[PDB]
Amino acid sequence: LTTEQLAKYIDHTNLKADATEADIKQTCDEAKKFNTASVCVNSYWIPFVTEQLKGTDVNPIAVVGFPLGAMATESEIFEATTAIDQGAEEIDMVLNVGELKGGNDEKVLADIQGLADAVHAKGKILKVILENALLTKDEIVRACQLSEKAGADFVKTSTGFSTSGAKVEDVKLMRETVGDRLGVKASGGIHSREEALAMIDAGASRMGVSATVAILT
């Protein structure tokens, strides 16, 4: 796998609360240099990222209700539709973990479905961050099933803000659960080329990476 085609798996990510305009521009510069799939940012930076990436193949994408996944669904929808309208091409939402752990599958479903409807109405795609760190293995499986039922296009491992991120065995469990019907995005704590390749081998079809420069050089 060449650096160019590895880059195509990567949503180059910068989500730190203290990222400055200069920090965000550098992330954009890096993504354009390596031609990654996307630049992934918090919704405030979407207009700027869109401007920076204009005329390139790199897509701006946004997280929403992130990283806690406990934002009211209607407010998540507003954040998502605004982000898409301002240039986002994909939306990575966060699972309502508390409702899943509490066994309220119908509420978990309603939450994702509202985002899926809004995102798909604009012709874009939706990823659901499971936050595997906070889930039992059975819950990881259930979260994938509900994500699929609600119409999500991808399941994504982690926000990068919990106690751990992408794990080879979790990625494999996710890929087994969704089969080839949804994408699987390994994210969080991916620090080396070897780790990136292992996630792809475990079944990831996309990756969230912030240490992208170190991995591609």
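Numbering starts at 1 and runs along the sequence shown.
In this entry, 193-201 has the higher mean Cα B-factor, the comparison being between 193-201 and 17-25. When 101-109 is weighed against 74-82, 101-109 comes out higher, by mean CA B-factor as recorded in the entry. Among all modelled residues in its chain, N132 ranks in the middle third by Cα B-factor. In the PDB entry, a CA B factor belonging to the highest third of its chain's modelled residues is recorded for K54. Looking at the C-alpha B-factors along this chain, the one for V168 belongs to the middle third. Among the modelled residues of its chain, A37 has a C-alpha B-factor that falls in the middle third, as given in the PDB entry. Annotation for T177: C-alpha temperature factor in the highest third relative to the rest of the modelled chain, per the entry.
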